[PDB]
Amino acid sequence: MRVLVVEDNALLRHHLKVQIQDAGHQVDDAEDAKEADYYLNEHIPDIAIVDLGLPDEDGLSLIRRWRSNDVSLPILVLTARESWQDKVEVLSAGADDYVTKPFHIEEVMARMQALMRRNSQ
């Protein structure tokens, strides 16, 4: 179980990784889109948690690019963007789930397990 976290908020990015590592997985944490590509190419993760607001390329663009290149791993978006329209666009672009901030780590964890649970049943 390898997880990739893409989040530019350093504190949040670190907390997420620790939570996920404590849950029992190997985790890579990227602070922007390009660094996400680095880890993706180094080790294709089983699942990715993706933030939408990033310093350069935004999460939606990253997701579209990845899907267009046959990267099919489950992607759960965790973002401050709350509009239902963005949820629709992001999910339609290839995201598997979409959670808004502020969030409850317990729900994100349960949603990750739902994706992993089915991805490897």
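The first residue of the sequence shown is number 1, and the count goes up from there.
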property: Mean C-alpha temperature factor, higher of 75 to 83 and 36 to 44; result: 36 to 44
property: Between 46 to 54 and 23 to 31 (mean CA B-factor, as deposited), the higher; result: 23 to 31
property: Ranked against its chain, the third holding the CA B-factor of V6; result: lowest
property: Chain thirds of CA B-factor: placement of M116; result: highest
